[PDB]
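In my numbering, the protein residues as written are -11 to 176.
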Amino acid sequence: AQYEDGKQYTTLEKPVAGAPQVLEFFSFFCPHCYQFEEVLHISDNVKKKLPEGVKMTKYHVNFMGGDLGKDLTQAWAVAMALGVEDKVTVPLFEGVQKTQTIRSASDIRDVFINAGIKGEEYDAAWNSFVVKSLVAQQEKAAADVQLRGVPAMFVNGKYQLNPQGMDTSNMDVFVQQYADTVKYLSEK
């Protein structure tokens, strides 16, 4: 076939009941994640190719960057709670990987402040139980698929994208293949 299990995707041998429809994992420490998000715009080209009625979910992971890595999972929970993902994703990637100006939780906080979130509102969210359960959700989703590498994407808790099985000579063509594959998998 044109799409083959084991070729553009793999099937989870033990399926995750109740998983989000399209589930992407990343780390702000992750070089390919920077590429995926800042250069290739994978997340954006996929939602643009999802059928109607299928929502997209993106979670941060702990297993890179030690203590700062965990802080970033909590900050991403704050990003989700406040609905400001599209305001902090770029300065967080660039702060960690480009300028390397993010070294502490306070430096992460500065990014939100500069993005216009009030300090009092950030701090309230950071310490909130709604954010704690959002952190838990991120951890549980990663645990459900025994996640060990990023970037990663899962469709319906059953299939895992396999981008190594794709031509990267043209960046545009790779992104649309990736997106078209997610669409295919979501209609499975």
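For each residue, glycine too, the CB sits at the ideal point set by N, CA and C.
Asked                                                                                                                                                      : Found
Within 10 Å of its beta-carbon, does residue 22 have 16 or more other beta-carbons around it, so buried, or fewer, so exposed?                             : buried
Is there contact between the segment 49 to 69 and the segment 155 to 172, where contact requires at least three CB pairs shorter than 8 Å?                 : no
Determine the contact status of residue 0 and residue 146, defining contact as a CB-CB distance below 8 Å.                                                 : yes
Under 6 Å Cβ to Cβ from residue 181, same chain only, skipping five residues before and after it: list those, please.                                      : Only positions -11 to 176 of the chain appear in this structure, which leaves residue 181 out of reach.
In three-state DSSP terms, what is residue 29?                                                                                                             : coil
Ignoring anything shorter than 4 residues, give me the alpha helix (DSSP H) runs that lie fully in the segment 64 to 95, in order along the chain.         : 73 to 81
Touch check for the segment -1 to 13 and the segment 140 to 154: three-plus C-beta pairs under 8 Å?                                                        : yes
Can you give me the Cβ contacts of residue 44 inside the same chain, cut-off strictly under 6 Å, excluding the 5 residues immediately before and after it? : 10, 35
Quick check on the burial criterion: 16 or more other C-beta atoms within 10 angstroms. Buried or exposed for residue 112?                                 : exposed
Measuring alpha carbon to alpha carbon, tell me which of 80, -11, -2, -10 ends up nearest residue 150.                                                     : -2
Work out the CA separation of residue 18 and residue 89 for me, nearest whole Å.                                                                           : 16 Å
Please report how far the alpha carbon of residue 27 lies from the alpha carbon of residue 161, in whole angstroms.                                        : 13 Å
Which same chain residues, not among the five before or five after residue 42, have their C-beta less than 7 Å away from its C-beta?                       : 9, 10, 174
With a cut-off of 8 Å on the beta carbons, I'd call residue 105 and residue 60 a contact; round off their distance for me.                                 : Wrong, their Cβ atoms sit about 16 Å apart, outside the cutoff.
Following the continuous beta strand (DSSP E) through residue 45, name the residue where it begins and the one where it ends.                              : 44 to 48
For my contact list, residue 77 and residue 25 are in at a C-beta cut-off of 8 Å; report their separation, rounded to the angstrom.                        : 7 Å
Check the DSSP bridge columns for residue 148 and list the partner residues they point to.                                                                 : -2, 142
In the DSSP assignment, the beta strand (DSSP E) including residue 14 goes from what residue to what residue?                                              : 10 to 14
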